[PDB]
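>>> Enclosed are the sequence and the experimentally obtained structure.
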Amino acid sequence: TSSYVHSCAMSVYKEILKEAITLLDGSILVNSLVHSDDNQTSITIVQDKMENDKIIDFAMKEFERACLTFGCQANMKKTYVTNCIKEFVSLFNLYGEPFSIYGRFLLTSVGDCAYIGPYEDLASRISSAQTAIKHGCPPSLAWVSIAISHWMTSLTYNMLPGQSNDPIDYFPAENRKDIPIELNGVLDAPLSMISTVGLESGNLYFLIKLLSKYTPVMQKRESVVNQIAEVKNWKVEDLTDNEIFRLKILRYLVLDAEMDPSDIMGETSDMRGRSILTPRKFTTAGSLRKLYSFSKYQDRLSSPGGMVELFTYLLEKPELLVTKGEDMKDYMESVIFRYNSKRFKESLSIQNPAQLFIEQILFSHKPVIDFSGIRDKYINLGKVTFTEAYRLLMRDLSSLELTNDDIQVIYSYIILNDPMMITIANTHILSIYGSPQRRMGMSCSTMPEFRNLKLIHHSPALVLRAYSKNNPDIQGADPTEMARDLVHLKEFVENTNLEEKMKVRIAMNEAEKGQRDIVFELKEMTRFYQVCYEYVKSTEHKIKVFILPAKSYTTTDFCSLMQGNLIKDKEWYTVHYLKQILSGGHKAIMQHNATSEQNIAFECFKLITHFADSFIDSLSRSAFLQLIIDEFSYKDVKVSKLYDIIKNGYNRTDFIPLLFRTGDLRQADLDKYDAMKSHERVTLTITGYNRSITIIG
Amino acid sequence: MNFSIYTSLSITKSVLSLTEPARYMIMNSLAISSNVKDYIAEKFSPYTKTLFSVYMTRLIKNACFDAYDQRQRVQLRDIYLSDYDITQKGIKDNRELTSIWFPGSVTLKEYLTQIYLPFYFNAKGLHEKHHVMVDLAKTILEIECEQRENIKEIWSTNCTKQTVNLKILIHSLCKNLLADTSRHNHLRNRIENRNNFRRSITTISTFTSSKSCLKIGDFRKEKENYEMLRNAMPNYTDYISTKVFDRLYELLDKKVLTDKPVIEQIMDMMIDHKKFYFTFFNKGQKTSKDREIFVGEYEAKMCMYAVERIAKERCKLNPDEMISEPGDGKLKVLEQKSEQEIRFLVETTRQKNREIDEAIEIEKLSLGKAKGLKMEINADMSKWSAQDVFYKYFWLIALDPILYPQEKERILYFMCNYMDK
Amino acid sequence: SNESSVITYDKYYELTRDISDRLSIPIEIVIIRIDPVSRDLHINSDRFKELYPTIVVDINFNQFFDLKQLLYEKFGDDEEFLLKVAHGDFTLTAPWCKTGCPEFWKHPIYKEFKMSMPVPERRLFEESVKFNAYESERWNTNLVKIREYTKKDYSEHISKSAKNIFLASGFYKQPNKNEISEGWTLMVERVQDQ
Amino acid sequence: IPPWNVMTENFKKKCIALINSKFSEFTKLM
Amino acid sequence: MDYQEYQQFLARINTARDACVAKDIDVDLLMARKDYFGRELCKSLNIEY
Amino acid sequence: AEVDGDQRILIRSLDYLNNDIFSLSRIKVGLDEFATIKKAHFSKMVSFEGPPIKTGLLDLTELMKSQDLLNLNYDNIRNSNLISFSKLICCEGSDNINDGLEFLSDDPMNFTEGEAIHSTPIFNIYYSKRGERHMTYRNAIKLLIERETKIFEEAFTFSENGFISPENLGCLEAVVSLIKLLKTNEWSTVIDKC
Amino acid sequence: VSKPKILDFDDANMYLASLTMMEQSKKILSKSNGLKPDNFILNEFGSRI
RNA sequence: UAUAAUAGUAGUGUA
RNA sequence: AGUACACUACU
Ligand SMILES: [Mg+2]
Ligand SMILES: [Zn+2]
């Protein structure tokens, strides 16, 4: 409300200024930007009557009065006037060029964190680096921030070189860059990858290195899907010890042993967690007496058979385990269940980051790891330390084996699932860097969507609510769209076999304990519905704007700008790709098909035509074109094949001159071109494509 | 490194009292029109308990004079107007400005970095509750006492402080409301749908969070020195703090709130809830002086949610309102406005001086031609929430065309009760 | 939104289903929709998506948005243009409350606010609170009336400052060494006092 | 001359280095 | 998308002064968006436009 | 009624119209109509691979692979460096510069003109406009050759008489024999070509 | 009761003392350690930086 | 037709 | 240790 009244006051100010400049026979443009209490008023005035000093004094007096006329008042002590610099909300605009103090984000590289484990803090701190990268941070200082984040995490958990929890001597690795991030390694990936895929660039970069090293030479300059297809040819005997270790980690600790290369619809990396070694904290329960809902929870706990009704209500209505209820009954039960989690109960108690930091420093040598779950990730003790955990993990993976089938499963389930990962891998593989130039004019551009194809029409919460029941028609739902969305969700569930795996796990624990473990069933249902929620999740529509050397409009342009901006601090490069990086596909479906090279032909012949008529004499242009077509090749593909593609295509109207110069015009391209260019033409005789009308009267 | 060793290990408020005012002092010195003298005289309050603070104070004092001396060394890059876009734009990178904290020369971007980064060297949570509580209470009660004693008139014409010009306010509100509600025909439906007005209260994130909210009642048993305070204060209003989700659970479990549409319950509570109570504490920010932070009760949260959403869905339609703009997109908006002004300046100057340019291809002709001028009034408002006339907001509710008379009456009743908080 | 897509699909399917059987050929209706602001594709047919496993449309609807922005800026003031491009008519949902608040007119704050105002402004406020846009023939017949009432004072106030532009000498609050020195002296005096 | 002074010196130095790694009057005579 | 069409639309917007033709310009712009999209989609699918 | 509507474009019609035009990317299908191929940035010209094209003393393939000499701006080409043009030398017996250079475009370019704006912060705007007839690729290359080559000649007069003197010539045969007998280096190649 | 005791920031002697302290710190701390750095940040991100 | 979506905890930037 | 506007992490 206050900002709206401020906007009205600034509109009155605009009217005053426009009338005053009209009295001077000039032109004025006023663009006021109004936040809660911070204002940015930009005035451009062109006039010939009086000098600028009178105009500036008049504008300042009118600004003060217009602020006062609406009950507001300008802090003239902190209000200043500049020719160029804009400062709206801690964001600058020097002269059409955005500017922000990214250093603050850099200074949060040693900031507070959740203090859950070696990996979560590193992830949290790395965000300060990506956020700093967004605000025009040079590549080198962002790498320094990442290094400082890694150092801070290692110092927090006694993981620095030479200390007790250093894992370098316990894994087959020459340096900590080799060890996976979840196993207390350091992140090793291009800065563009770190910014885009967000800490999954470790596994992605390792797999890309493996592809670049072990694919055949003839399939070495092809798309990522084509090179992943040749994994069957690979010889696992030649794999180094570090690569075998990392591949075993990916195949067993990350993925599941029930996956097969024949799977056509599997889980995406967003549907699984990466934490492995999470220290367990023995903390005081806290008071929580004052809470009414906690008292009700305690009374329910004391009641006999009170919790079983809660748990069976939750199981019967699971959609309210990842979403919000639609009435009071669901909300009450959800709160009472949420009290059951130790993490939320510790969150309610007052927490100061310093105390957690000191506690995590102190409780590092003590056994804090529960290796039972880690062993449960692979086939089928107590609290264990970090070093022993490393030795136990290496003993467990020693007996396991790796085969071309397992590598195919890894590649299919890590890269082939997400279109964004495929696009990033293609950008890294097929990048070509061009002319280096100094960053002259920067601009803001938002991150596009890498997953263009959409299957679920409705919101994830509505789809899950319908899926818990079997009724397509739900309050606020369209029966046909809900029906097809439920069909897609059921297809996904049956393809990836989540339900069967969950039932097998709960049955195994039922047979083991001998009594029904309802809370474990709730945990499994929560995981299953989290996967389902992550699957549908139509659009995040996040607003992420980057400061880039140019303006990005499409996905490939954005990727090129990001790759060129984040390699050298002095200049930025122009990046173009050997083949079409984009791969149209869905989030959880393998992409075994590669895009055609039509765009390559288009770019090639546009380049030839324009280069010929720009830098070659008129007489020699035809001979030059013929020679290029006969004996040249663009981006590893013979230009004759590209011409054949254009000739044997449905898009021969964009290349009319090129076609006509080398015979092949055929009058048909003329007809299509004039038909597309045709419109209703008036003069009375109204003429259009085979439609002429003439009215006499 | 000498400067950084001291600033990095500065864990006292002495450098906190210097890092923030440096922005205002040096930027006002470098600016065209600024009341730097007023800021130095009345607001700049150095707190130099250490020799490093004394050194940095002298650095700032010298930097003010130097910044005044070098405001003419800022040049502009040659704009490459493509006519479809603008490339090679901004301010030239020439190392002519003098550095602030250490000898050397800096670019204007580096100069702004040196001005603005020191603020982030501060440490959060350096304050002590014992003193900041008293300071915030003092400033709040001082403002309230000044308003009680001096401010007597609500409407004026000669622009007295804490006063509103009635006719201009009403006319501007009429024009702005007309334009905004003309922009979108289905504004009421958009308000209802997006802010979840027709859905249950349990589906709103701000009503089910775990942030603090206030409870009023005889809660002496749980709080139990409180005993001496209760025995020594007759007019003591007992209060407690709880979580928002727990408060909603308690209200729903006692049948005060139901699973009916939330907007109807909000409108009912706008009448049933007569007296509003608020408590305060310290934010704990990294500035020299802390900021007061206010916690209300649940009913005030509901009514304020309704009013704020009604205002927000209209601020979304206003191009000049920027809270409605999604975060970090304000930089994009600033860039777009800047590109527009460069293009407007270029086109207007080229068109107006076309006759003079033709005549040239002469000093009197050059003088006679129209001259462009660009002005950027970066501005902050003094005590936005404290020294503000609430009554004007009544008109914004009274002139709203998307509200029924009963809804206007209930909202205005809530605002009147809020004015007696 | 896909509301046009579904109605077009329904119309095409209904009109083509009686012809499909006659020619012994199945007619599948494919509606490919693209979201202009978040460029994503929604192909209704699952068989068509099977036919084309990958789709790499990489286009940008930004120039059209810019042209619409310039057009709306050119014609923003004109109300006839706004009603020409308006969607439907001004509409209100069901009232949020079936009854008003009769004690509001007796609140001390309202009494102070009313008595602070001149009589015509009091009458305007009372008429504007009780104005119902749904009942009235025009929703803006209240805002327009008050705007026309206040237009005289508004225009006079704007013209007063437009005239005041000529009463300003070129002496604004410029910073210089003298003012900074005086401010520093005042600051050190205040600090020594405090 | 500034544009070619470095190039010529580097050319001569690299030729000297290469001929060593392998193991005036001239103008007037021509 | 074509620049010549860009100046054409810009010029016909600038010369417009009646609200009865601005609606026509807006409709033409919308049809231009659909044709651009349809042509590009046909190019992507490698089918006749 | 129904008639065979005349086709707006005929294949023989375009063949005659383009008698004057020898542009591969530009054709005129109608009397005033023009069908064109969209522009692509030349930074991708690096991605072309093929056998050398030997036209006189110029190697067009190296021009395709060249980066400095592909700029469209006339001033950036007329003010370039010999080391950039030295890459384009495949003489093999060409007597005159012009005979080699006649295999380059003779059409006018675009050049960047910069003008002041006369505002309070003074800044210049640069825009590309079509140049006059005397600013072509051949003319820019000719100016580059003559200005830079004079700087090379005056800078390689080891003998006092000049570049054309027999003694300086003899020193030249000595240097080129040394570089031919020595291992090839890009320093050696650039000196040889210059 | 007292008042917050702060050093005289505009005193010539106090500023001279602060300058002397900074000069002494720069003198002592600018000398090299005589040892190869070999730390975590360097060994792990030197190639990237 | 530039408009429908929103689990919990923690951190950061902003007013 | 609150309102809003976001972005990023973990389950
Ligand atoms: Mg400001
Ligand atoms: Zn030769």
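Thanks, I have it. Numbers count the residues shown, from 1 in each chain, chains lettered A, B, ... in the order given. Ligands and ions are numbered 1, 2, ... in the order given.

>>> neighbouring contacts of the biggest helix by length in chain G?
When chain G is parsed with DSSP state H, its longest helix is helix G:12-29. Residues from elsewhere that reach helix G:12-29, judged by C-beta atoms under 8 Å, 6 or more residues apart in numbering or on different chains: B:1, B:2, B:5, B:51, B:52, B:54, B:55, B:58, G:7, G:8, G:9. Placement of C-beta: from N, CA and C, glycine included.

>>> any chance of those residues in a markdown table, plus distance to chain D, neighbour count and secondary structure?
Below are the contacts of helix G:12-29 laid out as a markdown table (distance: C-beta to the nearest C-beta, whole Å; neighbours: other C-beta atoms under 10 Å in any protein chain shown; DSSP: H, G, I helix; E, B strand; the rest coil):
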| residue | distance to chain D | neighbour count | secondary structure |
| --- | --- | --- | --- |
| B:1 | 35 | 11 | coil |
| B:2 | 38 | 14 | helix |
| B:5 | 42 | 14 | helix |
| B:51 | 50 | 20 | helix |
| B:52 | 48 | 23 | helix |
| B:54 | 50 | 26 | helix |
| B:55 | 45 | 22 | helix |
| B:58 | 45 | 17 | helix |
| G:7 | 56 | 17 | coil |
| G:8 | 57 | 14 | coil |
| G:9 | 52 | 22 | coil |
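
>>> quick check, nearest of the residues you listed to residue B:109?
Distance to residue B:109, by C-beta to C-beta, is smallest for residue B:1 among the contacts of helix G:12-29, at 21.8 Å.

>>> quick one, what contacts the closest one?
Counting by C-beta under 8 Å, 6+ apart, residue B:1 has contacts G:29, G:30.

>>> packing partners for the helix ranked longest in chain A?
Of all the elements of type helix in chain A, the one with the most residues (DSSP H) is helix A:2-23. The elements that helix A:2-23 packs onto, with contact taken as 3 or more C-beta pairs under 8 Å, 6 or more residues apart in numbering or on different chains; DSSP states H and E, are strand A:27-34, strand A:38-47, helix A:52-69, helix B:166-183, helix B:298-315, helix B:391-398, helix C:141-164.

>>> which of the contacts of helix G:12-29 sit farthest apart?
Going by C-beta to C-beta, the pair spanning these furthest: B:1 and G:8, at 27.9 Å.

>>> Determine the three-state secondary structure at whichever residue of the stretch 201-350 of chain B sits closest to chain G.
In the stretch 201-350 of chain B, the residue found nearest to chain G is residue B:288; the distance is 12.7 Å by C-beta to the nearest C-beta. At residue B:288 the chain is in coil, as set by DSSP: H, G, I helix; E, B strand; the rest coil.

>>> correct me, but it touches residue B:13?
Yes: with contact defined as C-beta atoms under 8 Å, residue B:288 reaches residue B:13; the gap is 6.6 Å.

>>> Who are the contact partners of residue 57?
Looking at chain A here, since you left the chain open. Contacts of residue A:57 (C-beta under 8 Å, 6+ apart): C:168, C:169, C:170, C:171, C:172.

>>> looking at chain F here, not the other one
Counting by C-beta under 8 Å, 6+ apart, residue F:57 has contacts F:89, F:90, F:91, F:92, F:94, F:97, F:99, F:100.

>>> Any of those residues buried? List them.
Buried by 16 or more other C-beta atoms under 10 Å in any protein chain shown: F:89, F:90, F:94, F:97, F:100, out of the contacts of residue F:57.

>>> Among those, which ones lie close to RNA strand I?
Residues of those in contact with RNA strand I (C-beta under 7 Å from any atom of the strand): none.

>>> Of those, which pair is most distant in space?
Pairwise distances across those (C-beta to C-beta) peak at 13.8 Å, for the pair F:90 and F:97.

>>> which bits of the stretch 551-697 of chain A sit near ligand 1?
Taking C-beta under 5 Å from the ion as the test, the list of the stretch 551-697 of chain A residues beside ligand 1 is empty.

>>> which residues of the stretch 551-697 of chain A fall in strands?
Secondary structure of the stretch 551-697 of chain A, counting by DSSP state E, counting those that start in this stretch: strands at A:571-572, A:575-577, A:633-634, A:637-638, A:686-688, A:691-693.

>>> Serialize these to CSV and add fields for mean neighbour count and distance to chain E.
As requested, these are arranged in CSV below (neighbours: other C-beta atoms under 10 Å in any protein chain shown; distance: least, C-beta to the nearest C-beta, whole Å):
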stretch, mean neighbour count, distance to chain E
strand A:571-572, 20, 26
strand A:575-577, 22, 17
strand A:633-634, 20, 19
strand A:637-638, 16, 17
strand A:686-688, 14, 16
strand A:691-693, 11, 18
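
>>> closest one to residue A:673 among these?
Closest to residue A:673 of these is strand A:686-688 (C-beta to C-beta; 15.7 Å).

>>> Please name every helix or strand in contact with the closest one.
Using 3+ C-beta pairs under 8 Å, 6+ apart, strand A:686-688 sits against no helix or strand.

>>> Pick out the residue in chain F sitting closest to chain C.
Across chain F, the shortest distance to chain C (C-beta to the nearest C-beta) belongs to residue F:120, at 13.4 Å.

>>> In this structure that residue contacts residue B:345, no?
No: using C-beta under 8 Å, residue F:120 is not in contact with residue B:345; the gap is 10.0 Å.

>>> which stretches of chain D form helices?
Going by DSSP H, chain D shows helices at D:2-22, D:25-29.

>>> any idea which of the ones you listed is most buried?
helix D:2-22 (a mean of 12; mean count of other C-beta atoms under 10 Å in any protein chain shown).

>>> Contacts for that helix next, please.
By C-beta under 8 Å, 6+ apart, helix D:2-22 touches F:81, F:151-152, F:155-156, F:178-179, F:182-183, F:185, F:187-188, F:190-191.

>>> Would you mind putting these into a markdown table with neighbour count and secondary structure alongside?
A markdown table is the format used below for the contacts of helix D:2-22 (neighbours: other C-beta atoms under 10 Å in any protein chain shown; DSSP: H, G, I helix; E, B strand; the rest coil):
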| residue | neighbour count | secondary structure |
| --- | --- | --- |
| F:81 | 13 | coil |
| F:151 | 15 | helix |
| F:152 | 17 | helix |
| F:155 | 16 | coil |
| F:156 | 18 | coil |
| F:178 | 14 | helix |
| F:179 | 18 | helix |
| F:182 | 14 | coil |
| F:183 | 12 | coil |
| F:185 | 15 | coil |
| F:187 | 17 | helix |
| F:188 | 20 | helix |
| F:190 | 16 | helix |
| F:191 | 21 | helix |
